[PDB]
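Peer 1: let's see this in three dimensions:
(chains A, B, C, D, E, F, G, H and I)
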Amino acid sequence: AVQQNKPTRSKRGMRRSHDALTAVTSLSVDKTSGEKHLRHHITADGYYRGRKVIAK
Amino acid sequence: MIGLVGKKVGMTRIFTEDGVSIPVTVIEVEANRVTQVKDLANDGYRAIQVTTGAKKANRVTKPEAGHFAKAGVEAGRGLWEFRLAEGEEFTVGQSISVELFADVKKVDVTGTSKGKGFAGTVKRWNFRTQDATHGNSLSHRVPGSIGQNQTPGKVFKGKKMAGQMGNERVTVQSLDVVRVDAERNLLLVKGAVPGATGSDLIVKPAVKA
Amino acid sequence: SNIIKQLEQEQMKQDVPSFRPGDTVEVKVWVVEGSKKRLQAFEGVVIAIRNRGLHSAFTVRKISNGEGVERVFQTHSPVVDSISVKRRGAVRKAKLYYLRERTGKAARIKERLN
Amino acid sequence: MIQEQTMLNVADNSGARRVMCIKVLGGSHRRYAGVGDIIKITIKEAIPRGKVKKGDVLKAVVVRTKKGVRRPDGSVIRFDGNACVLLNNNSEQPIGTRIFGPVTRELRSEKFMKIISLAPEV
Amino acid sequence: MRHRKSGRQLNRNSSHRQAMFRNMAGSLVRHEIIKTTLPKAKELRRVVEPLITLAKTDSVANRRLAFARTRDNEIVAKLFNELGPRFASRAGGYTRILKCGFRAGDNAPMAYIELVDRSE
RNA sequence: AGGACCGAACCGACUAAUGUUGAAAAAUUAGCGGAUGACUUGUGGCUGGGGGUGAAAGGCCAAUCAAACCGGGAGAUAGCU
RNA sequence: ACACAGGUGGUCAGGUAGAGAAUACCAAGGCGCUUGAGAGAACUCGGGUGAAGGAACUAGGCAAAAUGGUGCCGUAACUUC
RNA sequence: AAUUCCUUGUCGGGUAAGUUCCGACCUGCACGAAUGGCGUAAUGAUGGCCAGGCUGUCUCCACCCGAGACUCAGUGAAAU
RNA sequence: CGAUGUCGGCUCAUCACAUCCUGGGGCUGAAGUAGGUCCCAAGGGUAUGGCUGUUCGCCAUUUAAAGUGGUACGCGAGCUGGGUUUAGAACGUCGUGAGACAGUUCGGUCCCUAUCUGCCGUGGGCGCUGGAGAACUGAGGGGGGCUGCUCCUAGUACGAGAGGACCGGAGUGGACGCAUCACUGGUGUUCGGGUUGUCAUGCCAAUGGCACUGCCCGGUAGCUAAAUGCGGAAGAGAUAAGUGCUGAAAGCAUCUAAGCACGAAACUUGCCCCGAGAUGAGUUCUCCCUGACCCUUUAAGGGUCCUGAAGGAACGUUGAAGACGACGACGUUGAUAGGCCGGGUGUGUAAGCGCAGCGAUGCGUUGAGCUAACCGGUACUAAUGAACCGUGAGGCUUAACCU
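Peer 2: Numbering: from 1, shown residues only, chains lettered A, B, ... in the order given. Let me share the structure:
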């Protein structure tokens, strides 16, 4: 194997730029409250999409 | 001249009172309704576009419905274009089914390649394999070298590569036609054809006798 | 698949006399050999019958005259002149694969005793 | 399946009992044998007055196989063991005077009608 | 590849797979609530949902049944005594899944199992 | 009666897959030779580098062998990279 | 080297099967491992089941497999007895 | 021949074909009686050759239950 | 000499040629069977066993040929390790002796996590200077080319006898590339049964696990040859060699000079196949977006509030599509999948009961009970609605159109 000095940041960043594809979707408002929630995931009130999921 | 699109629905043996069982493929056509004829100043060529499946209106978009606007949209499962002769034909009021071959005994098949995951070599091109007794370190399923040792240069194209199956034509150049029934959309070709129950399958006039 | 079973409703036959593996069926057959179409007989026990519909083989083997003498009568195809279900077996291992390892009195099937 | 060194039974009388295959006798990159097919043979078990010598190399024709014949439709037909008939190396035809079993009707189809012209019934 | 296999894998051997659900079905009947990962939550239902219809369907050897698979004799302290016909009268859909996903600082597909009718 | 003899542990490391900046300074796996003996093993001790100890292999002698470890003579000596 | 897949003297020897500390299922008693959720591709590795041939493979039946238990019946040449 | 370079020594047997095996000959470049002679029972991780058993090494390989490879979260090297 | 791992084979190809078979012909001490030899020529093709490391050579039986060379004496980050060439043992010859010996025999542990180039599949980005969507054209460049046996021409010409034809035609098999699970077999720890030991089962029954699926029988769905099939064609065009016609140099003669027609596995099409990063980055069909204000040594940009079309995108419910991404179905304007109902199958007739037996254990209810993948009905269960991404008719040239 061989690698000369260090990989150039111009090529290393060009290999990082597809590594996770992280995007902003601003989140959606909950269907029972005035605050935003994570897609298909439970809220802090123990609710999801108009119904109760867990006790408080 | 033109082809027909018609899925395989299964395999069976059709039988005769003459004492032969005759293996066949079973096809059921739902007809191809024609969406564009290409003629008059169409970039130097003549053709016909058929469409085979059906697509639901809440899935069809405004520019997709625009591709079929010479007769109207039904779409689904593919387009299929065939080369056409001169004759000044209309696109509307046309449709093709099994009567395209109701007096033809010999047919050409193009089944398209099927899913086989990785496919690799042994399940792909029938390459040779070696037993696990003594030595042979990590060399049991090798391609006999794809290229050659140094002196003759770069990798030659005589040996095929390992990889996924799809998009290849997979032709069968000549099959016998056993039954056609126009008002049942029924077609029975002799023996087995490439692809499976979800595959779309085309048949064309034979260029060999 | 049901789409080719809808076609099998134009290929199979349902009307058959009741018989199972290890029974004798004493069929009359031609084998389609010789100009004078001479009617012949078949002897042996049923080794396969049902349940593949159209593809149920209906296989009979002589078993008392050495190797061979085994034929496939296809259940539905018109190739038999008469069929006579005579001797009844008693089967709990109905594949009859022990007939490939036994000869004579040990290859002869239980007498269906009551 | 019948190949190099395979031992066959003799279906004809007083020449030999057991004989060995050395060629399937059909050209290059060849395999197997069937009914009415020629094979190159060696005598391995001889008869005290028999007219073919022990260790001598001759020809035969195959008449029974355990792998059987698949040419018919539906029925696959198999035969008793692996058996052949000895051929004359200077005057053509079989050399035996008696041949065992009823045999297949396919033995007429090229050169071997003498086999079914004797005591066999099919 | 997977040219016909539709059975759920869980890591580890198949007798561990079957034994884990043989235990956790006892936990489900004992506490009447269970939260766990989606592959576990869905495969837990197998061979025990057909016991709800075994309250209504004409049968033979009714007490050798519900004991040739799962093989538990503490589930019958409640099954066919305080649980059966009042869910067979609905024909399917006896249990909830409430899939919400994740754990604390960790991604695993969490589901929260309970009956389709549960007093609060 | 017996260096009889099968078979584990117990003593070995012969067969093949494996490892050889390893689970390891030689053992992970299944077989294999010996298995109350010219056997093995816990404790204590004896024999010491031109000196030991070997059914004695140019084997072994605390990571070191046709000759162990240490500091000193020592910055031996090098018609040479 | 390590909160090590190793090594370490002695005593106990439970139920059933078995000749048995071979070997398996259970007691007294101990444990489910001081990183998890998975995905269901080759390739690699541990392991299984096989029609009809048959040593034809290879340096070589290596490796693998049928074999394998003892009750009675039976057992050649050779011999330092 | 643990010995013969010069040769696959030869005749008989073994196979269709035997530079290898067994038997016989002397047709030994330099064999031979303590740098020992002739041969055998027992013993063997046994050289070689004949025949059989049985077999996925081979005809011809096919399918299968797991563990890495593969994905994410945690910790995290080297020859070069 | 600061390394290039040296034999041959196994395995697998390419190029060169004075061509072994194949395609086209000639000459003969070419009847025929053939054998021999020279061109036109390197596309398709070009031994199985026994002894041998074989380099060679010998032997048994075959063939469409048993043609010739190049390639680090072709292929060690492929396979083999008999040979080369170490370390152990011993014998023979040479020496007084350590030692020597392509002397002889049996032989002898061998590394690794492809960083870089190339290649398949596929994401992310660049690209056509507005965006989006569904499809096709295919410039051009490759693949694939080879045969026996049988019947007929014909046992006819030729030939004591035996033997035996070329020009053509058809049937069918092998070799070789692919295809498919219908049929035929193997497999199948998601399904039923038998069975040794033991545990669970309160006890016994009849029942479920564990011991390598404990062992042994059967096996649906899938997968695959030992199973079953399709295919490498003929013509067409233009040519070399060669066959020639007419005709000079050479009053003749001449296939060549002018004139001019044929003609091969070669050339090019035809068959098969890829291809627009074809930066020569194409065209086929179509959808949609048409506001003000402030400022400047400005035709170039900044500053403010506005912008939502066409169409994409994350998570669901999922799929014999799949390493992750990609890809098919479905997403209430709903059957995408589980559950339920039914159809479908496999196993082998149980439990209990009654009859027969002292009993093991049968027989009648009973093809009993238990039971995988096929695929119709049934919203019972489960697919969150808003939201998020995406922008304002796009510089120049020009035929034409509207005004």
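Peer 1: just give the nearest non-adjacent residue to residue B:21, would you?
Peer 2: Nearest non-adjacent residue to residue B:21, counting by C-beta to C-beta, 6 or more residues apart in numbering or on different chains: residue B:13, 4.3 Å away. (Each C-beta comes from the backbone N, C-alpha and C, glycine too.)
Peer 1: show me what the one you found bridges to in the sheet.
Peer 2: According to DSSP bridges, the partner residues bridging residue B:13 are residue B:23.
Peer 1: count of residues packed around it?
Peer 2: Using other C-beta atoms under 10 Å in any protein chain shown, residue B:13 is surrounded by 15 other residues.
Peer 1: correct me if wrong: it contacts residue B:25.
Peer 2: No - contact criterion C-beta atoms under 8 Å: residue B:13 and residue B:25 do not qualify, at 11.0 Å.
Peer 1: mutual contacts of those two, please.
Peer 2: Both residue B:13 and residue B:25 lack any common contact, where contact means C-beta atoms under 8 Å, 6 or more residues apart in numbering or on different chains.
Peer 1: which residues in chain E form helices?
Peer 2: For chain E, the helices defined by DSSP state H occupy E:14-31, E:38-43, E:50-53, E:85-88.
Peer 1: how far does the last one sit from the chain's center?
Peer 2: In terms of C-alpha atoms, centre = their mean, to the nearest Å, the centre of helix E:85-88 is found 16 Å from the chain centre.
Peer 1: same check, this time on the first one
Peer 2: Here the centre of mass of C-alpha atoms in helix E:14-31, compared against the chain's by C-alpha atoms, centre = their mean, lies 8 Å away.
Peer 1: so what does it touch, helix or strand wise?
Peer 2: On a contact count with 3 or more C-beta pairs under 8 Å, 6 or more residues apart in numbering or on different chains; DSSP states H and E, helix E:14-31 meets strand E:34-37, helix E:38-43.
Peer 1: residue B:165 is nearest to which of those?
Peer 2: Closest to residue B:165 of these is helix E:38-43 (C-beta to C-beta; 29.4 Å).
Peer 1: that closest one near RNA strand H anywhere?
Peer 2: No - against RNA strand H, helix E:38-43 shows no contacts by C-beta under 7 Å from any atom of the strand, the least distance being 12.4 Å.
Peer 1: does any part of that helix sit near chain A?
Peer 2: No - applying C-beta under 8 Å from any C-beta of the partner chain, one finds helix E:38-43 separated from chain A by no less than 11.8 Å.
Peer 1: can you pull the buried residues of that helix?
Peer 2: By neighbour count on 16 or more other C-beta atoms under 10 Å in any protein chain shown, the buried set for helix E:38-43 is E:40, E:41, E:43.
Peer 1: do the same with stretch A:12-21
Peer 2: Buried residues in stretch A:12-21, counting neighbours by 16+ other C-beta under 10 Å, are absent.
Peer 1: same question for stretch B:126-133.
Peer 2: Neighbour counts over stretch B:126-133 (16+ other C-beta under 10 Å) mark residue B:127 as buried.
Peer 1: is the residue sitting furthest away from the middle of chain B in a helix, a strand, or coil?
Peer 2: Computed with C-alpha atoms, centre = their mean, the residue of chain B farthest from its C-alpha average is residue B:134, at 45.5 Å. Here residue B:134 is recorded as coil under DSSP: H, G, I helix; E, B strand; the rest coil.
Peer 1: for chain C, which segments count as strands?
Peer 2: Here chain C has its strands, by DSSP state E, at C:28-29, C:40-41, C:45-48, C:59-61, C:70-72, C:80-82.
Peer 1: can you give me the helices in chain C?
Peer 2: Going by DSSP H, chain C shows helices at C:2-8.
Peer 1: how close does residue E:43 get to residue E:99?
Peer 2: Per C-beta to C-beta, to the nearest Å, residue E:43 is found 14 Å from residue E:99.
Peer 1: report the contact partners of the residue of chain E at minimum distance from chain B.
Peer 2: Per C-beta to the nearest C-beta, residue E:1 is where chain E lies closest to chain B, at 4.1 Å. Shown in contact with residue E:1 (C-beta under 8 Å, 6+ apart): B:116, B:117, B:118.
Peer 1: cool, residue C:79 as well?
Peer 2: Residues in contact with residue C:79 (C-beta under 8 Å, 6+ apart) are B:19, C:29, C:30, C:73.
Peer 1: now, among the residues you listed, which is nearest to RNA strand F?
Peer 2: Comparing the contacts of residue C:79 against RNA strand F with C-beta to the nearest atom of the strand places residue C:73 closest, at 51.0 Å.
Peer 1: show me what contacts that closest one?
Peer 2: For residue C:73, the contact set (C-beta under 8 Å, 6+ apart) comprises C:27, C:57, C:58, C:59, C:60, C:79, C:80.
Peer 1: and the closest residue to RNA strand I within chain D, how far is that from residue E:104?
Peer 2: With C-beta to the nearest atom of the strand, the shortest gap between chain D and RNA strand I falls at residue D:70, namely 3.6 Å. Going from residue D:70 to residue E:104 by C-beta to C-beta gives 67 Å.
Peer 1: between the two, which has more neighbouring residues?
Peer 2: Counted by other C-beta under 10 Å, residue D:70 and residue E:104 do not tie: residue D:70 has more neighbours, with 11 against 4.
Peer 1: so what's the more buried one closest to, chain neighbours aside?
Peer 2: Residue D:70's closest residue in space is residue D:76 (C-beta to C-beta, 6+ apart), at 5.4 Å.
Peer 1: cool, and residue B:52?
Peer 2: Take residue B:52 and drop its neighbours on the chain: the residue closest to it by C-beta to C-beta, 6+ apart is residue B:5, 4.3 Å away.
Peer 1: in the chain, which spans are strands?
Peer 2: No chain was given, so I picked chain A. Applying DSSP E to chain A gives strands spanning A:28-29, A:36-37, A:47-48, A:51-52.
Peer 1: I was after chain D.
Peer 2: For chain D, the strands defined by DSSP E occupy D:7-10, D:16-23, D:38-46, D:57-64, D:83-87.
Peer 1: for chain C, which residues are neighbours of RNA strand G?
Peer 2: Selection of chain C residues close to RNA strand G by C-beta under 7 Å from any atom of the strand yields residue C:100.
Peer 1: get me the contact residues on chain E for chain B.
Peer 2: Residues of chain E lying close to chain B (C-beta under 8 Å from any C-beta) are E:1, E:2.
Peer 1: for chain C, give the residue positioned nearest to RNA strand H.
Peer 2: residue C:101 (12.5 Å).
Peer 1: state the distance from the residue of chain A found nearest chain D to RNA strand I.
Peer 2: Distances between chain A and chain D by C-beta to the nearest C-beta are smallest at residue A:1, namely 46.2 Å. Using C-beta to the nearest atom of the strand, to the nearest Å, residue A:1 is found at 3 Å from RNA strand I.
Peer 1: count of residues packed around that residue?
Peer 2: Residues contacting residue A:1 under the criterion other C-beta under 10 Å number 2.
Peer 1: so how far is residue D:32 from it?
Peer 2: 53 Å.
Peer 1: now do the strands in chain B.
Peer 2: Using DSSP E, the strands found in chain B span residues B:4-5, B:8-13, B:23-28, B:36-38, B:47-49, B:81-83, B:106-110, B:171-181, B:186-190, B:202-205.
Peer 1: just to revisit the earlier point, with distance to residue A:19 added, can I get the helices and strands packed on helix E:14-31 in JSON lines?
Peer 2: Converted to JSON lines, the helices and strands packed on helix E:14-31 look like this (distance: least, C-beta to C-beta, whole Å):
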{"stretch": "strand E:34-37", "distance to residue A:19": "27"}
{"stretch": "helix E:38-43", "distance to residue A:19": "27"}
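Peer 1: save those as CSV, and put in distance to chain D too.
Peer 2: Converted to CSV, the helices and strands packed on helix E:14-31 look like this (distance: least, C-beta to the nearest C-beta, whole Å):
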stretch, distance to chain D
strand E:34-37, 53
helix E:38-43, 45
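Peer 1: turn those into CSV, including distance to RNA strand F.
Peer 2: Formatted as CSV, the helices and strands packed on helix E:14-31 follow (distance: least, C-beta to the nearest atom of the strand, whole Å):
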stretch, distance to RNA strand F
strand E:34-37, 31
helix E:38-43, 31
